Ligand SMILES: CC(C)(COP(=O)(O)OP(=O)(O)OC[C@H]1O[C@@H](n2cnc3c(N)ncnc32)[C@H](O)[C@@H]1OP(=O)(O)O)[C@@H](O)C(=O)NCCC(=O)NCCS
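Just one chain follows, in the form solved without this ligand, and it is written as structure tokens.
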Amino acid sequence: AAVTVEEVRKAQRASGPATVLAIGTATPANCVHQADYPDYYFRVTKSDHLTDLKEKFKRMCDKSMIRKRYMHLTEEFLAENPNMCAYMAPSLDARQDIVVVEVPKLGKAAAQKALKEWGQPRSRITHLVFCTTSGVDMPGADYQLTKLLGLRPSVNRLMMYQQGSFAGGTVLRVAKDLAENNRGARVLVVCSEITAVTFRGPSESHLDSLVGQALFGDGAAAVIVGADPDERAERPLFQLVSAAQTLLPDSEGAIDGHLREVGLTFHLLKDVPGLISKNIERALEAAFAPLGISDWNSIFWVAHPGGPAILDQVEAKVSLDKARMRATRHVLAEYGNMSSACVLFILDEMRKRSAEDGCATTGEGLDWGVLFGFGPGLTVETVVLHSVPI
């Protein structure tokens, strides 16, 4: 009645670009070393008699380029739940009972670290973006995390369920609009993935699911995003310049994922590394041409480590310097494939190594960077990042 909508819009809106104010990561305590996983996995699933199948899983884990992973699932638990140890056995209820609890709990550990580095009180958080691919529930994990952290009972929550490995970029793309369109907004972004929904025994008939057993790991990464940082009170890490999403052509059913009574099952049709390599440059050009940037070796890289073959085939297609994917490959080695949370681990790794290596910026000395998310549909999320002087 007093103010007009244009006056509200003018007042409501923020200035400046969405900025990463803090990054925090967390994993389950239980740590499984990749060198020992073929024996561990084949023992807990009672499959040591399938010798030829175990030999293939050994080479699978050898090619994985993963040194270790963290998993909430323990041998003691798995001994009590043979329905989650067989390849195809009704067990979704058992799996949901775990993830609907542990996924929010692990996200709290990651967000607690991000908030402590942030230094501001939780009460300043105005937006919560929670993303997971491990189970669904109502109220969602976003509700669980809010209660666990004690966030304001008016936080604008966004719950990303069953998204897939590309959601790491989707959450940044979402946070970018939330922080930039609302003046004092402070967005807590949380990705949390626990493999208890996809863990299952081996089968010589469904080898695509076997690679998942060699790559998927548990973990959560939290990020605090906001525009117009408070100087001397907040420490800008990266800037979210732009975000785009796209579907690669001829990639229709490349990676399918179905939530059934046997839990979450993944199905691999078509060459995923090849499909990404053939089109990565086109994604790079769409995001950096209006920027006047052509040298793909002049920008710091953040790529979802879906598998070592994806990294190799993209690094070879565009002739990347082997230092550009150093942070990406490092996270894959110490954590495995953690689905959406992976790209947020690499961000934390890149900035951590940069400050420890005396780089000029948080982006390995470079100014501009690119963040790639890869997942079902052959969806590619592309986020143009910018570093901050160190």
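Start at 1 and count along the sequence shown; that's the residue number.
The next section is about a form of this same protein that is not shown, the form solved in complex with this ligand.
309 is the sole member of 88, 309, 94, 101 with a non-hydrogen atom lying within 4.5 angstroms of this ligand in the bound PDB entry.
Residue in contact with this ligand in the bound PDB entry (any heavy atom within 4.5 Å), chosen from 234, 208, 177, 137: 208. This ligand is not drawn, but in the bound PDB entry it has no heavy atom within 4.5 Å of residue 283. At least one heavy atom of residue 273 is located within 4.5 Å of this ligand in the bound PDB entry. Although the partner is absent here, residue 73 sits far enough away that none of its heavy atoms falls within 4.5 Å of this ligand in the bound PDB entry. The closest non-hydrogen atom of residue 45 lies beyond 4.5 Å of this ligand in the bound PDB entry. Partner contact region in the bound PDB entry: 263-271, out of 123-131, 191-199, 263-271, 223-231, criterion any non-hydrogen atom within 4.5 Å of this ligand.
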